[PDB]
Amino acid sequence: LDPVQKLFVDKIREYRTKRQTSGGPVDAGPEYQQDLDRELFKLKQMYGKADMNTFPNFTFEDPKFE
Amino acid sequence: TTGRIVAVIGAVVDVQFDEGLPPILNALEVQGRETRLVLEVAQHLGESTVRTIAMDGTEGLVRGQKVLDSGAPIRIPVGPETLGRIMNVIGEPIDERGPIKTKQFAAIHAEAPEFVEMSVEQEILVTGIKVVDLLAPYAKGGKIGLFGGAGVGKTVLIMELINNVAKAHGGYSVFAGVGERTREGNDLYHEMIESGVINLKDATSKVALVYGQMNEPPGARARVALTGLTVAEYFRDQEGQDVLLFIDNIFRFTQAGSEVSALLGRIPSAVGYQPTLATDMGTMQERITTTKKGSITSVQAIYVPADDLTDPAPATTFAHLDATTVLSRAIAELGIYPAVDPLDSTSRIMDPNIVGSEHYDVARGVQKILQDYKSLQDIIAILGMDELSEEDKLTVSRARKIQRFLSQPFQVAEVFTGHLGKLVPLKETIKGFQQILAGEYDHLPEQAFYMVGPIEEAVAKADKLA
Amino acid sequence: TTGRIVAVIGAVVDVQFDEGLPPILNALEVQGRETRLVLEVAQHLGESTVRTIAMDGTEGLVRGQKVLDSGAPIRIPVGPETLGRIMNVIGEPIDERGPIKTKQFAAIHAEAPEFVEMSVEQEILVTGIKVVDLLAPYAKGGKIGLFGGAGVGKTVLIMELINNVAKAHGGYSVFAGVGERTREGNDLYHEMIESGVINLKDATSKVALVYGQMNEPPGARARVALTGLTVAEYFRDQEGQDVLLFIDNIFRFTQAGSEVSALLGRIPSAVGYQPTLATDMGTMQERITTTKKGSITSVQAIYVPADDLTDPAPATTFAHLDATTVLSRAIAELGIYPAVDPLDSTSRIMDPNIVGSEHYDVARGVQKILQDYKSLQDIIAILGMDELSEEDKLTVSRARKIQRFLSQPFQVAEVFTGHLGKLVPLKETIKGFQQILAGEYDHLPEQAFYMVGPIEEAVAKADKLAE
Amino acid sequence: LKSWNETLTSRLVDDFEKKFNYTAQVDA
Amino acid sequence: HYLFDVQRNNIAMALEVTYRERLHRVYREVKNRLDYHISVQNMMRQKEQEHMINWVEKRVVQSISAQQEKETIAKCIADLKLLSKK
Amino acid sequence: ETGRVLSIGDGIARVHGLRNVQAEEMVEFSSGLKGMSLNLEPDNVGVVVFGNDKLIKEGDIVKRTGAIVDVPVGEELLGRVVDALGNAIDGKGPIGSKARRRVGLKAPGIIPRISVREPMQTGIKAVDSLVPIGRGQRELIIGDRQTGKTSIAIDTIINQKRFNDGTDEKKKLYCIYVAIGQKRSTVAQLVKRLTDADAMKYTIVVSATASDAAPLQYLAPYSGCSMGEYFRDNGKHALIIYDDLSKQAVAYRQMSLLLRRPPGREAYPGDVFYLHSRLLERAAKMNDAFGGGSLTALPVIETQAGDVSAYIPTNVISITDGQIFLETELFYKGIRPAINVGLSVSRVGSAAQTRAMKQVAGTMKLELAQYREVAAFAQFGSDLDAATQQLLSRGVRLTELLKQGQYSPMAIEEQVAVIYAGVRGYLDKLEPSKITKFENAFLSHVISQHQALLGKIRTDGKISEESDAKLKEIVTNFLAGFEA
Ligand SMILES: Nc1ncnc2c1ncn2[C@@H]1O[C@H](COP(=O)(O)OP(=O)(O)NP(=O)(O)O)[C@@H](O)[C@H]1O
Ligand SMILES: Nc1ncnc2c1ncn2[C@@H]1O[C@H](COP(=O)(O)OP(=O)(O)NP(=O)(O)O)[C@@H](O)[C@H]1O
Ligand SMILES: Nc1ncnc2c1ncn2[C@@H]1O[C@H](COP(=O)(O)OP(=O)(O)O)[C@@H](O)[C@H]1O
Ligand SMILES: [Mg+2]
Ligand SMILES: [Mg+2]
Ligand SMILES: [Mg+2]
C-alpha cells in the first residue's frame, strides 16, 4: 500500500503527452479513418438519409380507413 | 506451432502440442492432405492435448501427422463480395467461380447481442398466405419457425415465402442450407439465377448462399449453420441493413451435434441427445436477431423426428420464435395444403393493439369454431353425424368450410396442385372468413372453399359445379 | 478417532481415518462448523476411508477438514421430556427452548421386533369418518396408510385424523413431518396449541414433534423418519402405552434415499429407484409396529408419484399395511372429499367375524352397487340414459346417492368446504347406508346427501333444498 | 363495423429553435 | 339513424387520430435531426479515448522493454512484496 | 492463494491445486472470470465456469475468493435489470449495492413463521375468487407453451401499481421477476411492457437467458430469491416470479451431466427435486417477531402435450401450495384466461381473501366442480329433476364472468361487484352472449356513480348488510333497464 501508489503514475506521464499532442489522433496509421466511416454509415441509418443540418420540410397524408 | 494427431475417431480428433496450446475454438489446419482439413479445438484434455471436431472426412489421418495452429477461430469471407456466391462451411467458395476476394473476415463463433441492443419494434409482415396472416402473422425482423415432420411441406412453404417476400424486397437475403438435400441447392441456385436474384454478370446480386448439406460429416453440419449466420450478421451490423435469413433445416444443427457429442465424451442426455442441447442451441440461436443497428427477419424450417413435437430438438427451439407455423401430417393427408395446424401455430403479435381488433376478432372466432368442431371429433367418430344436436350439426358445417378455406394453392406446387398459384392480401383474408363465420355461405358446397384465393373464387367455384 | 475429509460431492462426503475406521451407521462429527454437522457412515471404500451422508448441507467443507468418530450411531432425546417440543433429524431442538432435558438416549438405527413378539390382536378403531369406518375401518394399534397423488387431500385427511382420533385419546402421540412442507408444520404447531395437545405452560403435552422438511438435504430427509419413530418406539416399549405415530410423508424417505443413491455407487433399478428401495423400506417399516410390550397405531401418508399406484415406491408400501385408505383424483375432482376410492380401500378387519354380519354385509353391498354403477358408466353417458333397465336406473339413482353421502364436511376443512365440520358414530353410518341401500330415500334428490353428517342431516337438506 | 370504433378510443440549435416556432354519410 | 351515427362518431374520431399523428411527426423529425449529433460525438469521444488510453499501453511496453533503467525499478517495488505480506 | 487448471471443456474446468478451497466457494480465473467449486475430489476441483470457457486454457491460473456466492440486494435494485450475478445490463451504470446477501441461504424453519393470512391480489377475477393467493404462499403456474402462463405473472405485477402508489404500507408489494432460459428479444419486450403500464419502478428483473452460461441459469432464480429475502427479512412484502423453473432444471441437468454425476430419470440428476424444493421453501410469511414481512412466489412450469407426469411438473406440483393449470383447449374455446377451475387449487383457500370476496365466492369453487360434472352427465337433451335443472341454468352465465381481458387487472372491490351480480342471481335470466357488453357497462356505471360503495368494501374489506343493501338496488336498477 506504500510501494503501489506511485506505479499508478506511469499512467498519466503518458495520459499527459497524449491529451496535449495536437496535430491529429496520434500515430493513427490507416486503420483510424476507415472504421470512423463504417460507424458513420450505420449511425446515419436509424435516423434517415436526408440533411441533418437543416430543418425538414413536411409532406402530409390523409387518414386511411378499415 | 506444431503438434500431432494421437487419436482419431469419426469427426473427433486428438492433437498433441508440446509447445503452446490453442484456445478452445481455434481452427487448426491439417498438414498432409490434398484437401483443407480444418479441425476445431473444442476441449483441453490436459497432458497438453486438445480435442477437436473435424470439418470434413477424416479417412486417411494417421497417428503422427502434423497440425498447425491458425491462431484464430474458423474465419470466412464477409461483405458484399459474397452476394451471388455459394460458399461452404469454412468460407471456401463452391460455385466454381474463382475466389471470393473480400476486404474483411469474420469468425463463425461470436458473442450475442447484449440486452441493451434489443429492439421491441413489432410491425406485421404480410405473406399473402391465408392461415399465416389471419391466425399467426409473421413479424418484420422477427424470428419465424416452420415445424414439420418428414414430408409435410416445410421446404415448399419456405420457398413460397422466399417468393412472396424476397423477390420484391429492397435488401439483402442470406440462405443457409443446413444438412438438407444437395439437389435442393442446385435447384435453388438455378431458380434464383433465372429469376435473377443472383446475377453471374454483375454485383447486382441480392442474396448470399451458404451450404453444408446432409452428405457432409457431423462437424460440417454442426457448424455451417453458423457460417451463414456470420454472413447475415455483417449485412445487419456493418451496413445497418434489412437482412433476410432463411435456414433449412435448423434441426440438422442439433442433430449433428448429437452425432459428435457421443465421441467428444459427454454423458448422453434425454433421448440420447447431447447434454448441451439448450445452450449449444441458444448461443447460436440468439445471434439470429434484430438489433437496434440492423434488422434480420429470420425464417427457419425445423424438422420434427418421428413427428414427435416433444422431441428435445423441436421442443427446445419453440422458446426462440416470435411466430410459429406447425405442420401436421394429419392435415396434409387430408389434402389440406399448406398443412398448417390452426390451433398450434401461434404469433407473439396476435394482439388487437397490434393487428386491430377486427383481425383479432375474426381470428379467435375461426380459432374457436375450429376448436369446437375438434371437440365433437370424438362423438362423430363413434356414433356418427346424426347423433349431433342441430346447433352442433352447423358448428361442424361452418367449421369444415373454414378448415377448407385455409387451404391455398401455392405458386410453387402449381405442379402438384396443378391449380394456379394464388396470393391473398390481409384485407380479403380477414373479410372472407368473417363472412364464412357470419354464415353467408351455409348455402355453398364444402369443396367450393377448398384451394382458392379470395372468397370470390369460393362463391365463384360453387357455381361452376351447379 | 480423528478423521479428515478426502472428498465432497453434493451430499456425500468421503473421509479418511488414520486409525479408527467407524462402523457403518456410526454418526461422525465435523469439526469446525457454525452449526452442527453429522455424517452417518455408509460404507468402507477401503484404504481407511468411509463414504457418508450428511445430515445437513456441505456448503463450506474443505478437503482435510477435521472429523471425529462419535463412536456410535446418531443418538436422540428419546424420553418423556420431548412432548410439546419440536425435535429434528439429530435431536437438536428447534422451537427455541434450549436443550431437551433427559438422561436416556437411543440410537435411531435399531433392529426390528422379532417374530415371537408379534401381536395378533386387532380391534376396530372408529374414526367417525364415514367412508373409512363403513368400508375399511382402521384397527387399534395397526399400520394404516394414506395413499394419494398430489393435491387429493392426503394431508388434510391426516389432520382431521389427528383432530378426531388423537384428541379423544389419553395416550401419547408422535407426529413426524418427513420431507413435506415447512409451512404445514408451523401450521400445525399452532393448531396444536390452540387445542393444546401441546401446552407451553404446564407439562400436559401429549405430542412429540420430529421434523425434516422439503427444504433440508437428502441426508436429513432420509433419516428424519428414522428419528421420529425412535421417539415413538420408546413410548411404546416402556409405558406399554397406546402411542399414536403419524408420519407425513413416508414417501419422502425413499425419495430422499433416491437422491443420494446415485452418488453412493448404485446402478439404478426400475423407474430409477435405488436397487435397495425394497429392503430400505423393510428394515424400517418392520420397526413401526406393535409388540406384545406395547402398541403403536401408525398413520402414514404416501405420495403416489404422478398417481401411478404401481410406481415402485407406493407399490412396495402396500405390503406393510393392515388397512389402506386410497385417495382418488377423479373422485376429488368431482368435489367428493374426502376423495376415498371406495373400491381401492381395504382393511384387514373387514371380516364378518370381526365387524359383524350387519356391518360387513352392508359395506360389501355399497361396494357392490358402486361397482355396478361404474359398469353402466360408458353405456349411459354415450348411448342414452333412459335406455337403461328399470332395475338399472334404480341402481344408478341409489348409487349416486350412496356415492355422495360418502362425502363428509371435515372439521379441519371448513376453510374450504363452507359447512361446519362433522363426525358420524359407526352405527349411524352403517344405518345410514343400510337405509339408502334399502330403497328408503329414492325420493329425496341427490344433493341432499352431498356433504352432510348423520343420515338425518340429509333429510334436513332434503327440504332446505326443497322449499 | 363497431370494431373500428373500439381501436380508436385507446390512443446550430438556434436554427432549429427559431424554425420550430369525409361526409358522404350525411348522404348515404 | 343509430346505424348512421357510429359512422358520424367514427369520422369525428378518425381525424382526431391523424391530426394527433402530425403533431408528433415534427418531434420525431426535429428532435432527431440533432439527437443524431448526440451520437456523432458519442462514438467520437469514446473511440478517440480508446486509441488514447490504449496508446498508453504501447508507450509503457516501450518504457519497460527499453529503459534498462526500468529494470532497476523492477527489483525495487517487487522486493517490497515479500516483506509486507509476512 | 490458489492454483492450476488441469483440463477445460464444456464449461467444466478441472483444477489441480486450490487445496484449501471451500466446496461451493467461488474461484476466479486467470482471465478475470468468476467460476465455482462443486466437485471437491481428491486430486482436483471440478469448477463450473460462469461464462464463455474459450478464454480458459489448460494451465491457466485459478485463485480463491474465499466467499460462497453472493449478490446485490435492496431498493437500490428496483427498476433495474440485472444478470444472474447482480450486474446491471440495462445500460444505466451500476446499482447502489451497499447490501450484499448470499445466494446459498437456507429457508426459514418452523417458528419464524405464521399461517398465511395476507391477501396477495392478482387482479384476475379467475384467480382472486377461485384460487386466491396470499402473501407467503407458493402458487404454481403450470401449462403448455402459449397458454397464457406469463400474462398471469405480468398482469399481477401490473396490478401492484394501485398499492405501491399509495399510503398503506402493508398493501405494498415489491416485485422480483427471474427470467430463466428465455430469449433477450423477449425479456426486453417484457420490460417494455412493464415500463409502459408503469410498474417497472417497483420491480427487480434478474435475467439469465438462452445465451448466458449454464451455471448462470442454474443460479439465477436463487439470486433473485436472496433479493426478495431482504424485503421480507426487513419487514416488507415481495413477490418473486421464476419463469421458468422448467428451463432452470434443464440447465442444472447440464452442469450435473458435464460434471459426470451419473444421470437419473429423463437424464436429470438425483437432487433435481431438492433443487426446486429448497428454492421454493425460501418463500414464507414471516411472523411478527421477525418483521411481518413476506415472500409470495409464483414458480412457472411448462408441460409437454399436457403431460403432468413428466419428472419435473410432478415434482414442482408436490412442492407448491397449490397451482393454476392452463390448457390451450379452453383458451381457443373462448375461456381466456384459460384456467380450468376444477383442476386449479389454492391450498390456503379463503384464508387469503377479503371477507368481501369470501362472501361471493367461498363455496362456488366446490360448485364449479359439481356444475361441471353435472353438465357433463346430462349433456344430452333429455329430462332431469327439480334440483339439477338450475345449476346449469346458472353456470354458463357465471363462466362468462371470469372471462377477462389482458393487461387490465381489477381492484378487489370491482371484482366483488360483478361476482355479486351473478352469484346472488341477478343474471340468472340473461343470454350468455351478452354477459360481457353487460359487465363492461355495469362496472363503469358503478364507478361513475357510486365511488361510495367501493370506498367501504375496498377499505374494511367486507360487505356489511349496509353495503349489501345499496348493491341490492344498484343491481336491480339495471336488469329491468335493458331487457324489461
Ligand atoms: N404447400 C404444398 N401444397 C401442395 N402440395 C404440397 C405442398 N407442400 C408439400 N406438398 C407435397 O408433399 C411434398 C413435400 O414437400 P416438402 O416441402 O418438401 O416437405 P418437407 O417439409 O421438406 N419434408 P422434408 O423436405 O423431406 O424434410 C411435395 O413434394 C408435394 O408433392
Ligand atoms: N386474458 C387473455 N385474453 C386474450 N389473450 C391473452 C390473454 N392472456 C394471454 N393472452 C395472449 O396469449 C399469448 C400467450 O401468453 P403467455 O403469457 O406468453 O403464455 P406462455 O405459456 O407463458 N407463452 P410462453 O412464455 O412461450 O410459454 C400472448 O401473446 C397474449 O397476448
Ligand atoms: N377434507 C376436505 N374437504 C374439502 N376439500 C379438501 C379436503 N381435503 C383436501 N381438500 C382439497 O384438497 C387440497 C389439497 O389437500 P392436501 O391434503 O394438502 O393434498 P396432499 O395429499 O398432497 O398433502 C386442499 O387444499 C383442498 O382444497
Ligand atoms: Mg426439407
Ligand atoms: Mg401434504
Ligand atoms: Mg411465459
# chains A, B, ... in the order shown; residues from 1 in each chain; ligands from 1
call {"tool": "residues_near_ligand", "arguments": {"ligand": "ligand 1", "cutoff": "7 Å", "atoms": "only C-alpha atoms and all ligand atoms", "output": "list in words"}}
result
residues 148, 149, 150, 151, 152, 153, 154, 155, 156, 157, 303, 337, 338, 339, 409, 410, 413, 416 and 417 of chain B
call {"tool": "residues_near_ligand", "arguments": {"ligand": "ligand 5", "cutoff": "9 Å", "atoms": "only C-alpha atoms and all ligand atoms", "output": "list in words"}}
result
residues 150, 151, 153, 154, 155, 156, 180, 181, 184, 248, 249, 301 and 303 of chain C; 318, 319 and 321 of chain F
call {"tool": "atom_distance", "arguments": {"atom1": "atom CA of residue 60 of chain E", "atom2": "atom CA of residue 25 of chain A"}}
result
18.2 Å
call {"tool": "select_by_dssp", "arguments": {"residues": "segment 30-211 of chain B", "states": "helix (DSSP H, G or I)", "output": "MDAnalysis selection string"}}
result
chainID B and resid 80:82 115:117 130:135 154:166 182:194
call {"tool": "residues_near_ligand", "arguments": {"ligand": "ligand 6", "cutoff": "10 Å", "atoms": "only C-alpha atoms and all ligand atoms", "output": "number ranges by chain"}}
result
B: 319; F: 141-154, 179, 182, 186, 242-244, 300-302
call {"tool": "closest_residue", "arguments": {"among": "B:170, B:113, B:185, B:20", "to": "ligand 4", "atoms": "only C-alpha atoms and all ligand atoms"}}
result
B:185
call {"tool": "closest_atom_pairs", "arguments": {"of": "chain F", "to": "ligand 3", "cutoff": "10 Å", "atoms": "only C-alpha atoms and all ligand atoms", "output": "tab-separated table"}}
result
residue	atom	partner	partner_atom_place_in_ligand_line	distance
F:131	CA	ligand 3	27 (O)	9.3
F:317	CA	ligand 3	22 (O)	8.7
F:318	CA	ligand 3	22 (O)	6.3
F:319	CA	ligand 3	22 (O)	8.6
F:320	CA	ligand 3	22 (O)	9.7
F:321	CA	ligand 3	25 (O)	7.9
F:322	CA	ligand 3	25 (O)	7.1
F:344	CA	ligand 3	27 (O)	9.2
F:345	CA	ligand 3	27 (O)	5.9
F:346	CA	ligand 3	25 (O)	5.9
F:347	CA	ligand 3	25 (O)	3.6
F:348	CA	ligand 3	25 (O)	6.4
F:349	CA	ligand 3	27 (O)	6.8
F:365	CA	ligand 3	27 (O)	9.0
F:366	CA	ligand 3	4 (C)	8.2
call {"tool": "write_last_selection", "arguments": {"atoms": "C-alpha atoms", "output": "PDB file, in the first residue's frame"}}
result
ATOM      1  CA  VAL F 131     -57.732 -19.909  -6.488  1.00  0.00           C
ATOM      2  CA  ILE F 317     -46.658 -29.533  -8.015  1.00  0.00           C
ATOM      3  CA  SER F 318     -45.812 -31.620  -4.957  1.00  0.00           C
ATOM      4  CA  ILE F 319     -43.915 -28.632  -3.649  1.00  0.00           C
ATOM      5  CA  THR F 320     -46.035 -25.534  -4.149  1.00  0.00           C
ATOM      6  CA  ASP F 321     -49.087 -24.627  -2.034  1.00  0.00           C
ATOM      7  CA  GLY F 322     -51.391 -25.300  -4.991  1.00  0.00           C
ATOM      8  CA  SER F 344     -56.698 -25.459 -10.147  1.00  0.00           C
ATOM      9  CA  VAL F 345     -56.270 -25.465  -6.334  1.00  0.00           C
ATOM     10  CA  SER F 346     -55.198 -22.942  -3.703  1.00  0.00           C
ATOM     11  CA  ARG F 347     -54.061 -24.766  -0.549  1.00  0.00           C
ATOM     12  CA  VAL F 348     -54.817 -21.621   1.505  1.00  0.00           C
ATOM     13  CA  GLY F 349     -58.393 -21.164   0.408  1.00  0.00           C
ATOM     14  CA  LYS F 365     -65.220 -23.386  -6.073  1.00  0.00           C
ATOM     15  CA  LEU F 366     -66.837 -26.683  -4.977  1.00  0.00           C
TER      16      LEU F 366
END
